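Working notes for the structure below.
Read-outs: derived from the displayed coordinates by stated rules, not from any lab. Note: ideal-geometry Cβ built from the backbone for every residue, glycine included; neighbour counts use all protein chains shown.
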Amino acid sequence: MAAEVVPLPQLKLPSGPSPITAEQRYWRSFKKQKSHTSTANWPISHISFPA
Amino acid sequence: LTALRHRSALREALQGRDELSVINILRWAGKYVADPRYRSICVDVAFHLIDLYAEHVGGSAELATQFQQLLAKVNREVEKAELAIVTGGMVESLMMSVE
Amino acid sequence: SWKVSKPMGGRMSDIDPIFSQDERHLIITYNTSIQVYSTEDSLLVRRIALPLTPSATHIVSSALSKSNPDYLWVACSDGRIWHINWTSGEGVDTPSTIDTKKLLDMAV
Amino acid sequence: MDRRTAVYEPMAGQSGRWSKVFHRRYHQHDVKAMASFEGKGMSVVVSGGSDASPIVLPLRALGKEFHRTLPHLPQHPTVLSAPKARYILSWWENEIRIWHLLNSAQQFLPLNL
Amino acid sequence: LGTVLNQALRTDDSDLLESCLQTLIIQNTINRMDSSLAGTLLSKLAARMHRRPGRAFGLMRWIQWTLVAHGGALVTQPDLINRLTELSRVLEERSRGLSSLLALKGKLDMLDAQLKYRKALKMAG
Amino acid sequence: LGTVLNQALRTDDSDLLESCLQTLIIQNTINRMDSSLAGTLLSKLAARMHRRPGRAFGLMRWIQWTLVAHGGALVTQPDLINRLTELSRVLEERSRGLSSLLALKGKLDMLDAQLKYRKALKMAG
Amino acid sequence: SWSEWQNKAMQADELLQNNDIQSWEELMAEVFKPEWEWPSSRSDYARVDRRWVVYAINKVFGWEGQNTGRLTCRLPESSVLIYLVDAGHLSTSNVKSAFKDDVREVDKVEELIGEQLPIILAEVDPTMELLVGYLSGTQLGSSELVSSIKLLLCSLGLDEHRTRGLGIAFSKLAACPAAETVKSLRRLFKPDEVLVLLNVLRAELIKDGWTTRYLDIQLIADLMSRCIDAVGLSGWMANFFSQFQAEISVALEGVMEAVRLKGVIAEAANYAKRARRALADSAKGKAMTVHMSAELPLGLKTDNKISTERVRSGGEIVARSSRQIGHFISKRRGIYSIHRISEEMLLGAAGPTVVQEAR
Amino acid sequence: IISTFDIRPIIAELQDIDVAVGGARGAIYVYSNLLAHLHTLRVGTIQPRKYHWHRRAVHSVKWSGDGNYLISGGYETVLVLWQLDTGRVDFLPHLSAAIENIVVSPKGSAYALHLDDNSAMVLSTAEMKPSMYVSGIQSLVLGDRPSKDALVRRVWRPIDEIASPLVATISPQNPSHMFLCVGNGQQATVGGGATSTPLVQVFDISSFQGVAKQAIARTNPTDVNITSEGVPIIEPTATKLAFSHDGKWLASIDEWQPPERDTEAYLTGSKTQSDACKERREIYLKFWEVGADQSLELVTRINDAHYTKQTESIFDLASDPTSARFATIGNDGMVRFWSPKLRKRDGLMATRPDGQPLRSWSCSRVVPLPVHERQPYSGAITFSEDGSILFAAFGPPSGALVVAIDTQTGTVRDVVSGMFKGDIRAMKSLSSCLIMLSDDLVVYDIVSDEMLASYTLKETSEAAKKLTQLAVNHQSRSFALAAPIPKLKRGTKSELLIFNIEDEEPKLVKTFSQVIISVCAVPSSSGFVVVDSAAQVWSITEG
RNA sequence: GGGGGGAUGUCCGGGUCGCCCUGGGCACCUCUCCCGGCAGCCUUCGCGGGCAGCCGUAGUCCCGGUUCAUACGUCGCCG
């Protein structure tokens, strides 16, 4: 049963009482940014989409 | 590093170093003495460095700076170690008033 | 009222765990235990215990018989020799004393 | 080139299967050349390398007799001095170097050497 | 900056917190702040503490003055010892190396000295 | 004060030692002092250390600078490790209480705070 | 042996109802192995059995069932009692086993025991040397301890046993843990009594002299800390406390610099020791490198003598050669030196005198 | 020195032989043409070929198959195939322990490996998957043949020694299965002087065969066994280990430290090397969920389960027989109660890909313990049989004391002292009585508040004191002890004693041919099972 | 290391003044036995025991100033 060569795994260091959870990772993962400006800097009333 | 302490070899890994290498290792250890997640290994390898290369510091002043700069950060690390336990009592000692 | 099971298990000795003829059986020597496994299933077919009872006596040497197969010679620290036949348990109760000072090694 | 010497004898029996009886690390740097000689009660091989040290090996007494390192230094001593002038000197390829000692020993009988 | 802290804490801002924490008036703000927001402040400051261990010099003085002013505010809403729980866990972290950190300090304040001294030889020579 | 120390140490004075030790120039004197007298100085300063444990603030800085300047002078005359022996024995003494002295420190820096704080209520009230 | 001891207990009950305390006390002396001479030894007492201890303490002490009873001395003048003092059986578990019946309904039992008992010992012994003996011998809880040191404050706030008892109680309450101490103090103390002992412990620190100058700890640490917290905020409704923490800061910083110099001198001392060794072998002629000048070499390294043994592959050990030793000696020779040979060495008598350059 | 040898014949006659010797120096010499070197006063030169691989002791060199190949098995866990026609060497490198014995099959087709940790696997040649496996109890053994490598005075010298009971348990919800701590192998474990058992095998009692294997501490089977100085590397060892009440959780705890012969440069003042490694210990508590295929999966490591200004060495752990609750006592003075909650940061539930939530344990309750010091303690703990109350022998030398604490609340119910003549060793609970061993042995009932049984043991050495141990059955209310009979060596006899609760008489007296290492209790049935150092096991049962 | 001795070189009272000595300082060589490790041989199954043992320090004819290290099985892209 020739036990396979594995590299030494890295650690799991102890994590303090504020890690970025999976969800906060998700909403950071909405990654790419683009700032389309309106006509003449009108404030933007309302956006939406169908279903 | 923690494996190279698990197996006792950190001596042998360290002893074959030259000046520039020693400087880089020194600046690293100085960079990470602060984080208590691994201060144990930081201070141990610094111990081996001092034990193993403190002879030629009269020859080379540049590492003497980093030697000082090593000392220099640590000088500010006992204070953080104390200033914690200064407040360290405070937080524990409110806990005995609440009952 | 209470009762003690017979000692079982065992440490494999450092003596050659002999193959059989036709390779189908592996015959191993534990201390106080000689047992034969079938190779294919990796499974016991016989466990032949060997009662030792003299503080530290140990199984010294053992081998198949080179004249006829299916025979095992085994000899302890003191000179007590068994000539058993595997597939079977015939010969456990019938050793033979060699009258040594101290029995150190043997082969057939 | 791995500063190593190895030693070969036939595997007896079937034909020409040679064998590596053993090896050793002899020199300090690698063994650049070696040549054999055997006769008049003498059976040696000389390995001269880059570490400037010719070593003689006993050819027919190998594993049975100690090797010998020669000195790398020339047999003529190549050092001279003017004791009246207290001037020590030596030479190689084209440069002749001279030092002065300027002082006794009993005067020092540390920081001033 | 008291209302600034109040706003920033209750809205759970990041960079407003950074702006007011870059910098007496500190004490005045901690006098004039609130209670429940101060506990949440405590929580995220132990968070910053755990995240980068660089400067203690302002922020410890900060939490000092929190326990000064609204120390008993955690006595008032004492279900959040679980906030207070990790600080114990947090401040026991920074005590770790101190169990032998001085054993560094001296041999280094040793080589300090002659390096000061052979330097103090140097302009003299 | 270098010759003053030299004289006082080799004559084993008491009050001359007191006069020069009541008080930079300190460093200059330790540059310009001797070796064997400095070891004897070390001995009686560990003596004063053991006799009254009141101020450390000058005299530690003193022996600091001794080991600065003529540190290797004890390397030069290294039969007097028995002088150096007791200092170990002396400085292990003042480490004693530190094994739990901080356990005092916090609960006392605790009652510090509200006493500062209820005082910091007091002119406000 | 149970029947035997039960009959012995019956006989001692008979001695009690005959009120034959002297013969009964002699029976106790025989069990413990009137004159009643003592061994001058708290530790060297012979071992006895818990059954006789528990019967003894049941005989000696009393209880009052009114939903909260009270231990009382049934025999206040008893060498058997003072033997229980010096032999340290006076434990809450002992007296609990003694009064398992009447107290099985009572609660807070350790607290009432530890607040009742040392007061009873105190009124028994106003000279309280029995009190300091009980303190020194018995395993003590914090309730007993706070009530005892309270008794000492009443005694003070021929004159040395009391101070001795202060120090011993201080050490023991130092050994105690935080929460139990603090809650007991807050139960049984009043803030002014706490102020008194603050002055006591302040006086102890400044009397040890941590501020009163040179040419002019941990125990009390855990104590003083735990007590002032044990009072806590509701009690203190100034300058005293500020000057207090002033000298406290002086104290701790003296400690800090003390740690600094302990470090540097332990370095220097070990270096000095290895240096003395090195100069010894250099004078012997083992021809290592020693430092000459009045200044510390930066690398405090004392080049050790060569061990006569070597660690080959794989993990084995053999002897060094003379030859390889001479090889390492050649290594340790510096760049330049003088090697004076004497006529006695030429005669085969003495050894050489060598001076190497300062490397 | 000749560690072993194997012959090969040269052929209806025998024309010559070539015989191979293997030596603990780390060498393998082969002799080539023996019969005609020796048959013919004077003979010619002879000279073995030297084939050198291992650093440690070759355990067994055998000629191969044809006689083309020379195979070898060593300490360093690696079976070498010397090519012998070229110069080359091709080899099977990773075995679980020392290769202790090999033999070559009748045809060249199979190898047999007696792996030094008491197993055997049959290989086919050049396919190198083990076609056959048989393992043993893997425990620590007073081995009869002393060593192969201890012939030449190695730096750390091998001594066949035992320094601890063999840490083990029986599984509720599978009484045929026993878990027990093990190292790489016996010899590699005991080497380095200290115990190095970072491993578990699970073993069957009914059919004494191996079942399975897994790791606990960090293991590097893929690695050099030896640090370059020449020393076997110590590997973290789990002191205590116990099973959950339902059969679902498994808490190990491991301690490790550097070696004193490494530390060597951490000495500052009075710092000594024992002091320094004692400072730099690591103590991990490892929480395990049980896979019913006899697998172990982590849920939670705790890095500093008992903290004071240094990490506190942990004395013992215990399992609430009623509910999933584990219990710890250590060097700080505090007992910690651990309970499984759910990893749920702010209401959302973190789940494994199937959707199953990552449960995690946590210190549910924290209790300090009353200390009573007259003028280096220890600890032992046990639940009641009915649970709800935990009994803690806290252990300063002879003055020490037990405390009983409720579980629903952290208040101390009871405290009892004076019940130990020395350093406490261990303590268990029957239905009413606490059995405890220090130097003395005492059954004490608490509801009666009365000592029932008292036995002084005959004076032995400290190793024997360390090796005694006890266990109770919980089905039939009966307990038992185990002790060697008086430096420890090979032939050492032990006695065990079966004691019922209500009487003083030992219900079964029996010594054994060797020193019994460990006693465990079947939960389902009555009786005990004992493990004995000469690595054999047997059960004991009433009726 | 200790306990001790014999001998080397040394100052301070010194002594008729010399051999040195006592009183203080001593560092060394030599002898002594108890410390630590090593090895052999007889003993006994083992445990142990006995026997005469070396070494704890330095420089060689040459010269151990050596010997010695962990497989293949399959690579790459992106998620």
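Side notes on the structure shown:
- Residue within the stretch C:63-83 that is surrounded by 13 or more Cβ atoms within 10 Å (Cβ to Cβ) and under 21 Å from H:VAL537 (Cα atoms) present: no
Residues checked against (1) away from RNA strand I (no atom under 16 Å from the Cβ); (2) among the aliphatic types (A, V, I, L, M); (3) under 10 Å from the mean Cα position of the chain (by Cα):
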position: C:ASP41; (1), (2), (3): yes, no, no
position: C:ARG46; (1), (2), (3): yes, no, no
position: C:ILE59; (1), (2), (3): no, yes, yes
position: C:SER62; (1), (2), (3): yes, no, yes
position: C:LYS66; (1), (2), (3): yes, no, no
position: C:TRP73; (1), (2), (3): yes, no, yes
position: C:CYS76; (1), (2), (3): no, no, yes
position: C:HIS83; (1), (2), (3): yes, no, yes
position: C:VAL92; (1), (2), (3): yes, yes, yes
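- Condition met for G:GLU295 (within 14 Å of chain E (Cβ to nearest Cβ), surrounded by 15 or more Cβ atoms within 10 Å (Cβ to Cβ) and among the charged types (D, E, K, R)): yes
- Candidates E:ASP79, E:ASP109, E:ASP13: the one that is closer than 30 Å to F:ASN31 by Cα and of a type in the set (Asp, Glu) is E:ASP109.
- When the stretch G:217-233 is filtered for residues that are under 17 Å from G:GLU204 (Cα atoms) and aliphatic (A, V, I, L, M), the ones remaining, listed by number, are G:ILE217, G:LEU219, G:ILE220, G:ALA221, G:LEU223, G:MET224, G:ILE228.
- Selected residue (only one of B:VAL91, B:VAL43 is out of contact with any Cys (no Cβ under 9 Å at 6 or more places or on another chain), within 14 Å of chain F (Cβ to nearest Cβ) and crowded, with 18+ Cβ neighbours inside 10 Å): B:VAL91
- Any hit, the stretch A:31-44, residues being within 14 Å of chain E (Cβ to nearest Cβ) and more than 16 Å from RNA strand I (Cβ to nearest atom): no
- Test set (1) closer than 25 Å to D:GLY13 by Cβ; (2) within 9 Å of another protein chain (Cβ to nearest Cβ) - H:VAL61 fails condition number: (2)
- Pick from the stretch H:121-155, criterion within 22 Å of H:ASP90 (Cα to Cα), of a type in the set (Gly, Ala, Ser) and touching a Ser or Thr at 6+ places or on another chain (Cβ under 8 Å), ranking: farthest from RNA strand I (Cβ to nearest atom): H:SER131
- Within the set H:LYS148, H:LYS213, the sole residue that is under 20 Å from H:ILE99 (Cβ atoms), over 17 Å from the mean Cα position of the chain (by Cα) and either part of a loop (DSSP other than H, G, I, E, B) or away from chain G (no Cβ under 14 Å) (or both) turns out to be H:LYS148.
- Looking at the stretch D:1-104, the strands (runs of 3 or more DSSP E) lying wholly inside it that each contain 2 or more residues that are away from RNA strand I (no atom under 16 Å from the Cβ) sit at D:5-10, D:33-39, D:79-82, D:87-92, D:95-100.
- Across the stretch G:267-280, not a single residue is classified as on the phi < 0 side of the Ramachandran plot, away from RNA strand I (no atom under 16 Å from the Cβ), surrounded by fewer than 17 Cβ atoms within 10 Å (Cβ to Cβ) and among the polar types (S, T, N, Q).
- Residues in the stretch B:46-61 that are farther than 17 Å from B:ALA9 by Cα and at the interface with another protein chain (Cβ under 7 Å from one of its Cβ atoms): B:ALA54, B:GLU55, B:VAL57, B:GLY58.
- Test: H:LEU79 is hydrophobic (A, V, I, L, M, F, W, C), away from chain G (no Cβ under 14 Å) and under 22 Å from C:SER13 (Cβ atoms): yes
- Only a single criterion out of (1) among the hydroxyl-bearing types (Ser, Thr, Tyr); (2) away from RNA strand I (no atom under 14 Å from the Cβ); (3) more than 24 Å from D:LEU62 (Cα to Cα) is not satisfied by H:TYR31, namely (3).
- Residue-level analysis places A:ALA51 outside the set of residues that are surrounded by 10 or more Cβ atoms within 10 Å (Cβ to Cβ), part of a loop (DSSP other than H, G, I, E, B) and of a type in the set (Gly, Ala, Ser).
- Condition check for H:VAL61 on (1) farther than 20 Å from H:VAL21 by Cβ; (2) assigned to a strand (DSSP E or B): one failure, at (1).
- Restricting the stretch G:243-291 to residues that are out of contact with any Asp or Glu (no Cβ under 7 Å at 6 or more places or on another chain) and part of a loop (DSSP other than H, G, I, E, B), the residue that is farthest from the other protein chains (Cβ to nearest Cβ) is G:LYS286.
- In the set (1) part of a loop (DSSP other than H, G, I, E, B); (2) over 21 Å from the mean Cα position of the chain (by Cα); (3) not basic (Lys, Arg), H:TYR455 fails one condition alone, (1).
- Sole residue being of a type outside the set (A, V, I, L, M, F, W, C) and more than 14 Å from chain B (Cβ to nearest Cβ), chosen from F:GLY97, F:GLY106: F:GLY97
- H:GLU127 of a type in the set (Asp, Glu) and part of a loop (DSSP other than H, G, I, E, B): yes
- Restricted to the stretch H:237-295, and to residues there that are acidic (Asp, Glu) and within 20 Å of H:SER313 (Cβ to Cβ), the residue that is surrounded by the most Cβ atoms within 10 Å (Cβ to Cβ) is H:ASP254.
- Among (1) aliphatic (A, V, I, L, M); (2) near RNA strand I (Cβ under 8 Å from one of its atoms); (3) farther than 30 Å from H:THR272 by Cα - the single one G:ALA349 does not satisfy: (2)
- When C:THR57 is tested against the conditions (1) in a strand (DSSP E or B); (2) touching a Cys at 6+ places or on another chain (Cβ under 9 Å); (3) among the β-branched types (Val, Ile, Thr), the lone failure is (1).
- Residue in the stretch H:1-28 that is surrounded by the most Cβ atoms within 10 Å (Cβ to Cβ), counting only those that are within 12 Å of chain D (Cβ to nearest Cβ) and within 16 Å of RNA strand I (Cβ to nearest atom): H:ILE28
- Failed item, numbered, when H:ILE162 is tested on (1) among the hydrophobic types (A, V, I, L, M, F, W, C); (2) more than 16 Å from RNA strand I (Cβ to nearest atom); (3) within 14 Å of chain C (Cβ to nearest Cβ): (2)
- Set G:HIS339, G:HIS327: member being in a strand (DSSP E or B) and within 10 Å of RNA strand I (Cβ to nearest atom): G:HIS339
- Whichever residue in the stretch G:309-324 is facing chain H (nearest Cβ under 10 Å) and in a loop (DSSP other than H, G, I, E, B) and, among such residues, is farthest from RNA strand I (Cβ to nearest atom): G:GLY315
- Of all residues in the stretch F:29-79, those satisfying the criterion of being of a type outside the set (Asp, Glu) and part of a loop (DSSP other than H, G, I, E, B) are F:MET33, F:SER35, F:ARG52, F:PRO53, F:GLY54, F:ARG55, F:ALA56, F:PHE57, F:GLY58, F:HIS70, F:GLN77, F:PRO78.
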